[PDB]
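I have placed the structure first, in the form of structure tokens, so that the comments after it can refer back to it.
There are 2 protein chains.
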Amino acid sequence: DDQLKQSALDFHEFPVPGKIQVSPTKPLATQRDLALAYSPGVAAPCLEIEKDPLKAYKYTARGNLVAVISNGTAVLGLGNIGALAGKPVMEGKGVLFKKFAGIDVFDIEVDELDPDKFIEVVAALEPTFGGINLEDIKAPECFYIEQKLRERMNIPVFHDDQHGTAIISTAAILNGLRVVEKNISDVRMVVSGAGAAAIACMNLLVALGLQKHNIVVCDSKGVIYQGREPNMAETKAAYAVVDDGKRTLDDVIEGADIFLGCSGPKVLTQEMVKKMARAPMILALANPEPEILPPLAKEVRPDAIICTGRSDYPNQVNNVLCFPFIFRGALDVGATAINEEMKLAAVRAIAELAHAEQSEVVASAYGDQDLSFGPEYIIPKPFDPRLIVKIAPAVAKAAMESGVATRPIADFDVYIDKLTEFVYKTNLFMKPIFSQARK
Amino acid sequence: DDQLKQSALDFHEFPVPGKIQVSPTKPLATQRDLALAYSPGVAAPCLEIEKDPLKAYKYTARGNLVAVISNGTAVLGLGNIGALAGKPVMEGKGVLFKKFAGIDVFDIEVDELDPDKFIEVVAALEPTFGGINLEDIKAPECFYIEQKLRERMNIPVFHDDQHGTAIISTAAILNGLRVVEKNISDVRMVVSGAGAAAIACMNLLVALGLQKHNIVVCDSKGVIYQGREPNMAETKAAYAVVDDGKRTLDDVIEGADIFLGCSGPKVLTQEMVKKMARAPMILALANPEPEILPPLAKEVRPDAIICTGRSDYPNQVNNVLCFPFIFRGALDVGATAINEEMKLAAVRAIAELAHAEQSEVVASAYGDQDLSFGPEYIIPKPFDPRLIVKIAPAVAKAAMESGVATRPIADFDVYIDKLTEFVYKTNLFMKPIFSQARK
Ligand SMILES: NC(=O)c1ccc[n+]([C@@H]2O[C@H](COP(=O)([O-])OP(=O)(O)OC[C@H]3O[C@@H](n4cnc5c(N)ncnc54)[C@H](OP(=O)(O)O)[C@@H]3O)[C@@H](O)[C@H]2O)c1
Ligand SMILES: NC(=O)c1ccc[n+]([C@@H]2O[C@H](COP(=O)([O-])OP(=O)(O)OC[C@H]3O[C@@H](n4cnc5c(N)ncnc54)[C@H](OP(=O)(O)O)[C@@H]3O)[C@@H](O)[C@H]2O)c1
Ligand SMILES: [Mg+2]
Ligand SMILES: [Mg+2]
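Quick mapping for you: the protein sequence lines, in order, are chains A and B. Remember, PDB author numbering sits 1 above the position in the first sequence when you count from 1. Remember, PDB author numbering sits 1 above the position in the second sequence when you count from 1.
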């Protein structure tokens, strides 16, 4: 801990303070160059945007600018630490946005703790940005804030901690259902924990075909049943079950095909997994420590499919899998929203990439490929270079079909060539070398 | 126009859209590199800032980050064009901030037209930035907005269109009084126009020693006198004079030592210059076309000292002379404000650089130096490389003495050497070559 802490503190304070810098995209050394980057020259772009608001994507950086906005109320796993203390996290997220999709990011830390005040603050910034990524806002205010901002603004508003993990988890459940040969309309699902990542996953899975009468939820109190507390929260009363004497996790797990966990460590035990239905699908996403260790489940039930959020186990749910590429697809077509069809276009592409993989140009002997679709490889690996070329055109085409695109793509072959060109300029070959050298 | 228009539109539409890009400052290609910039690594800086908010300058880019914020209500000379149409101007101002002082800038365009709502939007963004530059906001809302933000926020708030021109124009008058040998407390000033740049100039000049009873202001209606309109706006009533019959500019120009002009073209005539006192000091800053052409003034009064806002004449009052360097000085010492003592320190440094000049290392014959103090050289030239080495330490020292500095500078020789190092690594040698080539 101390070594990791010291290496992180020095990781960037010493060369210059902090990551991120703003750089001009032009050489500038003369007059007549400053006379049209400013001065009477800069009045020509302004008078064009005034006549046509759609011309702002030609003359400014708006078509490539995303805001990462937070108020510091749920920062990683630290909790409520304040907007100022969460600045490094937002800078890091902007770094990830740039590294894997080439998207410029402004990270904004708002001091408002009141939801309506926060909404008023964010809705006023629309002319600056081409899209908004809400990050690290505690539940249940996140649902209300995102819903209000989405119905108030004419640029995409995407809360990543809700919807990115939902997209990845839905892609994993569809692929796992193929392995175990079940149907989405018959499966019994048990959800542990209600919160930012859980409500959104249930919503997406219902949108793809899961029956709401096949879902039971449990939180820190136990089973969410109807009339348990006098005033149950919204989004918690939409999944409450009729009272039947069931109050703990052990009552509802018998016969469950799917376990979805986003709540605490050591929640699911070996006996409960034993009582589960044949070929169980288990998603233990609790971050410091999963609800069950994958070795402890594969022993009692070796036919189980397990999917955690850690890097030392297969099938890792890492949010870097979708957000840069969905935002790239939305930005490149001038979409005014990221709707459900665009969101479902991302689920299908991610699942397809893992069960229709066509490798090519492996990392020599330097690594470990085993990209065979099955219980151990159900979703793509977090830094797979083909994720930009699969997701972004699918999201762009979905945007063009739901009528939310303002700058439609004429030829998708040219677009795919450009994206492949971008991805060739970025390879991470030291990662396979380090991984192989670990053994 | 059409040639200039087409060249300016193409200036940045074609390589990529718009100026500005966001770049990481640390190399990112491996794991353990995207595990300190994010992942469990990024939690260590966050817990440091939670304990001590001052550590946000060590682990984060806040100590070098400035916001240029506008609502597009007074954009250059175009007027009320909207926040979105003014985005190129803000990007250009950020580029100038980066070129001459090495300061990262986020340009923010806010759609709010209501002053109190605008204030609520801006004050909430304080954790993001180390300082605020207000830009292109029409009067009289600008005074109210700036006063409220300054009393509300704990980082420097600085409206450039008021205070930068006030500082530069006060430096010119201070030097011109040296040339013409007059005392600040005994001169009569006539101000043509009352607005963002005029009220601020008068306030600063009065702060330096001008008697308020030696000032007469004259807006588009003529002389501003007591009881002229039923509800005379504030900032226009503190400079109203008693009613004496004086209504036009012709009745107040006789015997005036200083004429300050920030209102329209062809306001001052030759016969009105003929009536001024000995050695008239004239500042005609109306940007499209000045109040009087300097040749027309010099024809009748060869001893007159004329300043303009146009570069084709000597003594050009250009805002690039002030804002980057005062912001650099305030940022380097952790100033929580830019008060009056810091504003006047910048006035003296600018005046000293021109009346106590020691040239050295001219651009050989490639240029036109003639940097001798006198009527034709009263303030430094717009891109003089010694401006940051003179202004930033003066402002930092003033912040240290007025008590608003949170990170005092221990050694000023080290600071000056660092600023000199920055100056060396950015030289504009093509400008004097082109200027001499034109002659
Ligand atoms: N892709 C990923 O790896 C990924 C993505 C998102 C989240 N996660 C992880 O998932 C966890 C929760 O994230 P979140 O956004 O959902 O935050 P959250 O809603 O604030 O926390 C989970 C919620 O579930 C309930 N809960 C907590 N402990 C529980 C327990 N032992 N048994 C049952 N319910 C419990 C609590 O709700 P009540 O207090 O109302 O009962 C709690 O607020 C964290 O560990 C997070 O890191 C992982
Ligand atoms: N460093 C520089 O070169 C520099 C810096 C700042 C400004 N400027 C220039 O100065 C001018 C004014 O700037 P500002 O910010 O003060 O704008 P402003 O506040 O919008 O306009 C100046 C005010 O002067 C009055 N006025 C207008 N025409 C007049 C006339 N013909 N005779 C007398 N008064 C008149 C009007 O006040 P009423 O409507 O209340 O009568 C007007 O609102 C512009 O040309 C601007 O570009 C130059
Ligand atoms: Mg997050
Ligand atoms: Mg301006």
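Note that the Cβ used here is the ideal one computed from N, Cα and C, for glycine as well.
Annotation: Cβ neighbours of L10 (chain B) in chain A (cutoff 8 Å, chain order): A45, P46, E49 and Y60.
For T421 (chain B), the shortest C-beta to heavy atom distance toward ligand 1 is 7 Å or greater. Short of 8 Å from the beta carbon of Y60 (chain A), and not among the five residues preceding or following it, lie these beta carbons of its own chain, in chain order: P46, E49 and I50. Under the Cβ distance rule, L175 (chain A) does not count among the residues neighbouring chain B, no pair being separated by less than 8 Å. Judged by their CB atoms, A347 (chain A) and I168 (chain A) are nearer to each other than the 8 Å cut-off. DSSP, reduced to helix, strand and coil, places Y378 (chain B) within a strand of the structure shown. Between ligand 2 and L286 (chain B), a heavy atom-to-CB distance of less than 7 Å is present. Counting along the chain, the unbroken beta strand (DSSP E) around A68 (chain A) starts and ends at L66 to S71. At a cut-off of 8 Å between beta carbons, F435 (chain B) contacts chain A. Membership of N176 (chain A) in the alpha helix (DSSP H) is indicated by the continuous run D161 to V181. Relative to ligand 4, the beta carbon of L77 (chain B) is positioned inside 7 Å of a heavy atom. Between the beta-carbon of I82 (chain B) and that of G73 (chain B) there is about 6 Å, and that keeps the pair under the 8 Å contact cut. Counting along the chain, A357 (chain B) sits inside no beta strand (DSSP E), nor does DSSP assign it H or E at all. Inclusion of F107 (chain A) and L66 (chain A) in the CB contact set at 8 Å is warranted, their separation being smaller than that value. The DSSP-derived three-state label of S193 (chain A) is strand.
For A285 (chain B), the enclosing beta strand (DSSP E) starts and ends at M282 to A285.
Pairing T249 (chain B) with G223 (chain B) gives a Cβ-Cβ distance under 8 Å. Taking all protein chains in view, the Cβ of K100 (chain B) is crowded by 16 or more other Cβ atoms within 10 Å, so the residue is classified as buried. For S40 (chain B), the closest alpha carbon among the candidates A:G42, A:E272, A:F12 and A:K27 is that of A:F12. Taking all protein chains in view, the Cβ of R329 (chain B) is crowded by 16 or more other Cβ atoms within 10 Å, so the residue is classified as buried. In this structure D112 (chain B) does not touch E152 (chain A) by the C-beta definition: roughly 17 Å separates them, more than the 8 Å allowed. By the rule that beta-carbons nearer than 8 Å mark a contact, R63 (chain A) touches chain B. DSSP places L332 (chain B) inside the alpha helix (DSSP H), whose first and last residues are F324 to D333. Those residues that have a beta carbon less than 5 Å away from any non-hydrogen atom of ligand 4 are, in order along the chain, B:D137 and B:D162. Taking a contact to require three or more Cβ pairs closer than 8 Å, the region 109–123 of chain B and the region 116–125 of chain A qualify as touching. At a Cβ-Cβ threshold of 8 Å, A355 (chain A) and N176 (chain A) count as neighbours. Contact annotation for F107 (chain A) against chain B: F107 [CB-CB distance below 7 Å, chain order].
In the structure shown, the three-state DSSP call for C219 (chain B) is strand.
When only Cα atoms are considered, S186 (chain A) and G335 (chain A) end up about 35 Å apart.
At least one heavy atom of ligand 1 is found less than 7 Å from the C-beta of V268 (chain A). The residue among B:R279, B:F435, B:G256 and B:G310 with its C-alpha nearest the C-alpha of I293 (chain B) is B:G310. For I133 (chain A), the enclosing beta strand (DSSP E) stretches over residues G132 to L135. Contact with chain B is absent for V318 (chain A), since none of that chain's Cβ atoms lies less than 8 Å from the residue's Cβ. Per DSSP, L261 (chain B) is one residue of the beta strand (DSSP E) stretching across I259 to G262. For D251 (chain A), the enclosing alpha helix (DSSP H) covers residues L250 to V253. The region 401–412 of chain B and the region 364–381 of chain B do not touch, with fewer than 3 CB-CB distances between them shorter than 8 Å.
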